[PDB]
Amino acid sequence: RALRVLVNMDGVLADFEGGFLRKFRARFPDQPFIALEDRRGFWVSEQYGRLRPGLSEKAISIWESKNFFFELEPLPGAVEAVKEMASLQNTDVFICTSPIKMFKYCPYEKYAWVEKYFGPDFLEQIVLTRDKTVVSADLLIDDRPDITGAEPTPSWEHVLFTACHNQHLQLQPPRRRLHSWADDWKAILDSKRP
C-alpha cells in the first residue's frame, strides 16, 4: 500500500567518485588519474587497471582506508530530497548499499554517515546487501547500470541515477533515468503510485 523506494548510497547519496579522486590524487600525486569527465563503467578499479599496471590495487587501497566512507560528501540535493521523500504520505524509503569486500570500516562508517546526515531514527532504514535483487520495492534509484543477482525478476523498477561513469550510456527502452536530485524525482515516484 505504501510506495517503497530503495535509494542507493554510493554515487547517489554519497559522492564516492569525487571523494575517491581527491584522495587518490593526494595519496598518489605521481600516478596518472582519471578525471571524472573521462570515467566510464561502474568499476573504478577496472578503468584504473587499464590506465596503468598496479593502479587497480592502488585505487582499491583508497576505499579500503579508514575514514574513506565516513568522509564522503553528500551529492547536491541528496539529503534534502531523501528527507522530503521519506516524509511523504504513503512512501517508505530504504537506503540500499553494497559494502566492499574488506569489512573493517565500511559497514560501520556507512551507518555513521547515515546517522550524521539523516539522524539516529533513519538507521532503521538501512539495508546492507551485495544482492539488490532480493530486496523488494517499487523503485530502486541506483547509479549502477547492471543490477543482477539471485532474483531473475526483481519487483522494483530500476531508475538509473546519473553519474560520471554512466552519463553517456544509451539504455534499453523503457529504462528511465533520474538525472540528479534537482531532477523531478516526485514525478518518478508518482508514476508508480495507484
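Residue numbers run from 1 along the displayed sequence.
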### Mean C-alpha temperature factor, higher of 84-92 and 103-111
84-92
### Query
According to the deposited model, is the average Cα temperature factor higher in 46-54 or in 132-140?
46-54
## Note on the structure
Per the deposited entry, the peak Cα B-factor within the set 126, 163, 62, 35 goes to 35
### Query
How does residue 156 rank on Cα B-factor within its chain, lowest, middle or highest third?
middle
## Note on the structure
On the chain's distribution of Cα B-factors, residue 11 falls within the third called lowest
### Query
Is the Cα B-factor recorded for residue 182 in the lowest, middle or highest third of its chain?
middle
